[PDB]
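Structure record follows, encoded as structure tokens.
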Amino acid sequence: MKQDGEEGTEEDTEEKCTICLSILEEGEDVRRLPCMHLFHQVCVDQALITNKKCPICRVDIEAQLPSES
Ligand SMILES: [Zn+2]
Ligand SMILES: [Zn+2]
């Protein structure tokens, strides 16, 4: 008897969506923003449309457009 101990640990404190505060996986739907963070594509859509900046970093992310949003 258990149960368990631990934790599937294992790794990633490296590429987690800061918006979901959750891990990503290798080849998942992701995005890169100019202040060098890597988020889910879905989460960061909603991030951008809410306000175009890396949320922690404050730097804008509307990369060289030229349009609206
Ligand atoms: Zn996410
Ligand atoms: Zn950033």
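Please note: Cβ atoms are built from the backbone with ideal geometry, for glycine as well, and neighbour counts cover all protein chains shown. FYI, it's all coordinate maths here, none of it is from the lab.
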Handout entry: Residue ID - farthest from ligand 1 (Cβ to nearest atom), chosen from residues in the range 2-34 that are at positive phi and exposed (fewer than 10 other Cβ atoms within 10 Å of the Cβ)
Key = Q3
Exercise for the section: Report the residue count in the range 14-62 for those that are assigned to a loop (DSSP other than H, G, I, E, B), within 12 Å of ligand 2 (Cβ to nearest atom) and in contact with a helix residue (DSSP H, G or I) (Cβ under 9 Å, 6 or more places away or on another chain). Expected result: 5
